[PDB]
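Chains as they are written, first to last, in full-length UniProt numbering: chain A, 620 to 667; chain B, 810 to 1202; chain C, 810 to 1202. Yeah, the Cβ is synthetic: ideal placement off N, Cα and C, and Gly gets one too. Before any comments, here is the structure.
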Amino acid sequence: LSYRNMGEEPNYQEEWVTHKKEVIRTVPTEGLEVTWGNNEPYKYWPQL
Amino acid sequence: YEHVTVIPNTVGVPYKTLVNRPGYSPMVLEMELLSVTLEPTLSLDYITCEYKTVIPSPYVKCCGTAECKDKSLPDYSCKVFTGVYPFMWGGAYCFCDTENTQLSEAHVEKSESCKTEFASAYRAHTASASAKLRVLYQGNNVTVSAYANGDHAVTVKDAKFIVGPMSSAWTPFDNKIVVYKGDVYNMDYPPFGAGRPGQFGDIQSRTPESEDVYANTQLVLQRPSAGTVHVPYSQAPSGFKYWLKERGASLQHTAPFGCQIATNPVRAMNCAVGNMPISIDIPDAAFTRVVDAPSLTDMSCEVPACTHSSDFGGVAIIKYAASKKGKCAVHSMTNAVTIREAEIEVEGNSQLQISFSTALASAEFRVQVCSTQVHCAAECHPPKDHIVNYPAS
Amino acid sequence: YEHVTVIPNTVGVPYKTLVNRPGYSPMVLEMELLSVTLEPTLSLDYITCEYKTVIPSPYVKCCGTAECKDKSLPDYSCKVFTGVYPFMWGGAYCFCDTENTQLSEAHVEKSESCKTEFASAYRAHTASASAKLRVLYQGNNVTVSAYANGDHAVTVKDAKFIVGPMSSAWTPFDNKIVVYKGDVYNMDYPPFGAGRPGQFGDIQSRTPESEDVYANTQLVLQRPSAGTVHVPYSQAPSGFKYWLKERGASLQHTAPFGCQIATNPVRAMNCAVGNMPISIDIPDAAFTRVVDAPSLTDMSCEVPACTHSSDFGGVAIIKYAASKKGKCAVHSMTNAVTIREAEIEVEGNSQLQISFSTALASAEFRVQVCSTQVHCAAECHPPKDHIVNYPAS
């Protein structure tokens, strides 16, 4: 599971997960690019 | 005419550009870059493979001492173990007493999968500018893919679209790059032939199927096998096997700028950055004369619904009174409001409900329906969910 | 031992440097730049050649009006000159008198000698350097040619050389280069597919071996001549005939900076610029100390030869007195001295005539015999002729 910025501030954090984990990403204004598993990643637009 | 617009260099936000032509009606168009590829210049110097110590059969001089010759190989290990007592599976390998010498010779060799998998140490050059982008213009949703240096023009749909160059420079290449079988790892390669022991790139392929091997694996010949032909020879491990072990996080996860670093050839697709100045030489047929335009006047834009959200959530029943029927170009003449449609068929004394909204809740925006400038002010709603999928208006 | 020096970026100058570590005699490492060429990052954006006109046989619509058919080719020229009364070679081509007309059509076709005559618009990116350099290492004048980016460093003769990077980059390559079969000219190309009419490159292609070509050749099919089935078709002049015929002086003539530009591959051999960093990690076996070295005591250097000229115009008899016979480093201890010899035999109480030049006519130049130093002076006479060929000392 890897979450990073969607833009110039990378913040490209990533971790292998082993148990149940409720990771709370503070979703950036440039967007939260996360990939958690072999599916393609979710992008977060922190809208509203 | 040639309308010069600068789209935001980020895909999916379908920009509208209002081509105003004197002698014609208002000619709004929509453009949006689908993808934009950044193909960097590559200079593949170091090749990554697996080193394998090709050590020969044990040259047992039974009761005899020879002289080891320096075989010119990659790390030719020459060793004369003095006085081996080598015995075989069927007894003694030497019938002589004590003078049996172990000839241990070896070299390095590129692996068979090194012939398949090679780490490509591309020397980074400039990025190729190329991008595919669509536009709902002239009554057609038509796309043009253009090499975006500025001089790869597409006169498509009768329209001379010339886009390029890009404004941005956040290049997905680094100065040195390793292509490792699907992965661009921005890594500095070692000296081409001048590697270190245990380095990522301990076997340096100066050509991809090359004949030279910059390899200093620390293959140290150990002492002989105790009475049996065994090659005592200690070496360092696979430095590309360590580079296989330390595979490293590629730019497919490690993309700063939100770029899509996708290789084969090493490209940067979906590098959302900068602005894109595209000029569109429109023909005369897009210039449709305003005297032949429908006489749309007496508009009242009644703002029915106001939700400042990700969508263009303004609703506006604009009561219009058209002289004749026709697609009046219902473009936004305002600064904040994204209107959903581009043209509306204003037919007569009809109320066209435009779908237009923007980010600002208190939105007083202007809209021109093909000549008709009107104002629409609303107190748009707050957001409902904290997260949307991509950005919005 | 490692001595890391910088030669001047101009080949042929003898760079003898007295690398002298402790525990060794003087090591006068002579280097000479064999050649340095610059591989520019080309990208063939424009394909050029002299295009032709495929005008077919004329569609003689006899007895009736012609039919407009837009054959979608490059420069699809079609016209119906109705009312044509063309006569034939056997009299009349039209049987009736009034209803004959000429639907005359033609297209633009590619250059059939485009397989031979090609104009290449190289999208000139950054340039990759590659060098050759020889050194008198151990007294052996060996050569080593390396990829002189500094990262493809070449071990040669037990001595690693780290060659490059060059201090300069002002190479003859421009932003957009044109290569026409021997001609490298820095020329501003048209749009790749978005070329202009009649300019150097009107028959533009995306590549030379490509399939499509943009062209606006001014296909003015005029109405036909009287009684002869002949398509009067105005056409612009050949851009292959133009920019070939107005080809001008190329980089082979116009090479500034003293470069030697040679394309196919694009390489500026003898680019006279920069400081060339070359680091020679040499073996330790040359470093023979004062216990190993001959001991030259009482060296007296009288300069009977001294002439301020281009070559090594300084003849100095160093009457030495060597304790041990052998090689001796005759190294330059002065900054203006150019001693051609770097090692001389010290066999006894004898003299070596060192032939090195200088610049100032009254010169107290310093030379060391390998543990001895000396500053001997001479009065140089200036040269005769103004014009020489090579550089100076």
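Annotated three-state conformation of residue 1170/B is coil, per DSSP.
The stretch 970-988 of chain C makes contact with the stretch 934-941 of chain C: 3 or more CB pairs, one atom from each, lie closer than 8 Å.
Against chain B, a Cβ distance below 8 Å from residue 656/A picks out nothing, because the smallest value is about 12 Å. Using a CB distance cut-off of 8 Å, residue 928/B does not count as an interface residue toward chain C.
Contact check between the stretch 914-924 of chain C and the stretch 878-886 of chain C: three or more CB pairs, one atom from each, fall below 8 Å, which counts as touching.
Listed by position along chain C, the residues whose Cβ is nearer than 8 Å to that of residue 932/B are 937, 958, 960.
Contact fails between the stretch 818-838 of chain B and the stretch 870-877 of chain B, because fewer than three Cβ pairs, one in each stretch, are under 8 Å apart.
Among the residues facing chain A, residue 1199/B is included, as its CB has a counterpart in that chain under 8 Å away. Taken in chain order, the members of the stretch 980-1011 of chain C whose beta-carbon sits within less than 8 Å of a beta-carbon on chain B are 998, 999, 1000, 1001, 1002, 1003. Taking 8 Å as the upper bound for CB-CB distance, residue 1185/B and residue 1137/B are not in contact here, some 16 Å apart. Residue range 1048-1054 is occupied by the alpha helix (DSSP H) that includes residue 1048/B. Cα atoms of residue 974/C and residue 1012/B: separation of roughly 24 Å, rounded to the nearest angstrom.
Distance between residue 1093/B and residue 810/B, taken at the CA atoms: about 8 Å. The Cβ neighbour count for residue 905/B, taken over all protein chains shown within 10 Å, is under 16; the residue is labelled exposed. Closest option to residue 820/B, judged by alpha-carbon separation, among 862/B, 942/B, 1057/B: 942/B. Residues of the same chain with a CB within less than 6 Å of the CB of residue 1141/B, apart from the 5 flanking positions on each side, are 1148, 1176 in chain order.
With respect to chain A, the C-beta atom of residue 1067/B has a partner C-beta closer than 8 Å. Contact of residue 881/B with chain C by beta-carbon distance below 8 Å is absent, the smallest such distance being about 13 Å. Its chain contains 862, 884, 886, 915, 917, 1042, 1043, 1044 as the residues whose beta carbon lies nearer than 8 Å to that of residue 1028/C, once the 5 sequence neighbours on both sides are disregarded; these appear in chain order. Excluding its 5 nearest sequence neighbours in each direction, residue 892/C has C-beta neighbours in its own chain below 7 Å: 910, listed in chain order. The three-state reading of DSSP puts residue 1094/C in helix, counting H, G and I together. Taking 8 Å as the CB threshold, residue 1100/C stays off the interface with chain B. Within chain B, the C-beta atoms nearer than 8 Å to that of residue 666/A come from 1118, 1119, 1192, 1194, 1195, 1196, 1197, 1200, 1201, in chain order. In the structure shown, residue 982/B falls within a coil segment according to DSSP collapsed to helix, strand and coil. Taking a Cβ-Cβ cut-off of 7 Å, residue 816/B has no neighbours in chain C, whose nearest Cβ is about 19 Å from it. A Cβ of chain B is located within less than 8 Å of the beta carbon of residue 969/C. Of the candidates 1170/B, 1130/B, 1169/B, the residue whose Cα lies closest to the Cα of residue 1156/B is 1130/B. As DSSP reads the structure, residue 940/B sits in a beta bridge with 845/B, 955/B. The stretch 1051-1060 of chain B makes no contact with the stretch 958-966 of chain B: fewer than 3 CB pairs, one atom from each, lie closer than 8 Å. Between the C-alpha atoms of residue 1192/B and residue 843/B there is a straight-line separation of about 28 Å. Under the Cβ criterion of 8 Å, residue 640/A is not counted among the residues facing chain B.
Judged by beta-carbon spacing, residue 1187/B lies beyond the 8 Å limit of residue 1083/B, meaning their Cβ atoms are not closer than that value.
In this structure, the CA atom of residue 982/C is about 7 Å from the CA atom of residue 849/C. Residue nearest to residue 1110/C within the set 998/C, 946/C, 1162/C, 1070/C is 1162/C (criterion: CA-CA distance).
Within its own chain, the residues whose Cβ lies closer than 6 Å to the Cβ of residue 888/B, once the five positions on either side in sequence are excluded, are 913, 1030, listed in chain order. For residue 896/B, the pairing in a beta bridge is given by DSSP as 901/B.
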